[PDB]
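> This one is an experimental structure. Sequence first:
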Amino acid sequence: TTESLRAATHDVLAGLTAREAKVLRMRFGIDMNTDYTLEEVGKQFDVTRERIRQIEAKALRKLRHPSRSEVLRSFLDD
DNA sequence: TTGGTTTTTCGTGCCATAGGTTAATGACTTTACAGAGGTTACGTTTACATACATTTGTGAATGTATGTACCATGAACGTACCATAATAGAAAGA
């Protein structure tokens, strides 16, 4: 189920916008070693840090839809 | 008396005078594409107040730390079932 969840999250990040995928990977430590903080993401990508939170809120609003997470609703019990 | 060349009408074929539907480019006109201009509702960038965390001192839990000065003089301090046959070892008589 972990190996299937990896491919499922890879397909979800590939189905969305590529820059959204890079933010969601380098934010929580997906496909990286360390999880970068908000100041480190601000030093890497762009100075504005409130727009990063707006991007995160927009990504959560796009990922609350059941049609894009119907294969992930079965993984909710784990 | 019978076959075949000759000749003239007559409906049919060729030529000419009339008169009408319908090809031409166009001129259409209608639909489609191309031009700017005012308005909407976002998306990114910026400052500011308050919060969980994380960084410090301070009161209690244990823990090794060295000694106690009538006389204490050898034992296993209770273990245990005793199968079977290849290969060497330390001696004993040949």
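That came in fine, so what should we check first? Numbering: from 1, shown residues only, chains lettered A, B, ... in the order given.
> Taking the centroid of chain A, which residue is nearest it?
Nearest to the geometric centre of chain A sits residue A:24, at 2.9 Å (CA atoms, centre = their mean).
> Would you list the phi and psi of it?
For residue A:24, the backbone dihedrals are phi -70, psi -20 (criterion: degrees, to the nearest 10).
> Would you mind listing what in chain A touches DNA strand B?
A:46, A:47, A:48, A:50, A:51, A:54, A:55 (CB under 7 Å from any atom of the strand). Just so you know, the C-beta spots here come from the backbone N, C-alpha and C atoms, and that holds for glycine as well.
> Just put those residues in a markdown table and tack on secondary structure and neighbour count.
Formatted as a markdown table, those follow (DSSP: H, G, I helix; E, B strand; the rest coil; neighbours: other CB atoms under 10 Å):
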| residue | secondary structure | neighbour count |
| --- | --- | --- |
| A:46 | coil | 10 |
| A:47 | coil | 7 |
| A:48 | coil | 10 |
| A:50 | helix | 7 |
| A:51 | helix | 11 |
| A:54 | helix | 10 |
| A:55 | helix | 16 |
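> Identify, from those residues, the entry nearest to residue A:31.
When the residues of chain A next to DNA strand B are compared for distance to residue A:31 (CB to CB), residue A:55 comes out closest, at 18.1 Å.
> Please name the residues that touch that closest one.
Contact criterion CB atoms under 8 Å, 6 or more residues apart in numbering gives A:20, A:23 as the residues in contact with residue A:55.
> count of residues packed around residue A:3?
The number of residues packed around residue A:3, counting by other CB atoms under 10 Å, is 7.
> In chain A, mark out all the helices, start to finish.
A:2-15, A:18-28, A:38-44, A:50-63 (DSSP state H).
> Point out the most buried one among these.
Across the helices of chain A, averaging neighbours per residue (mean count of other CB atoms under 10 Å) puts helix A:18-28 on top, at a mean of 15.
> List of residues touching it?
Residues from elsewhere that reach helix A:18-28 (CB under 8 Å, 6+ apart): A:13-14, A:30-32, A:35-36, A:41, A:44-45, A:52, A:55-56, A:59.
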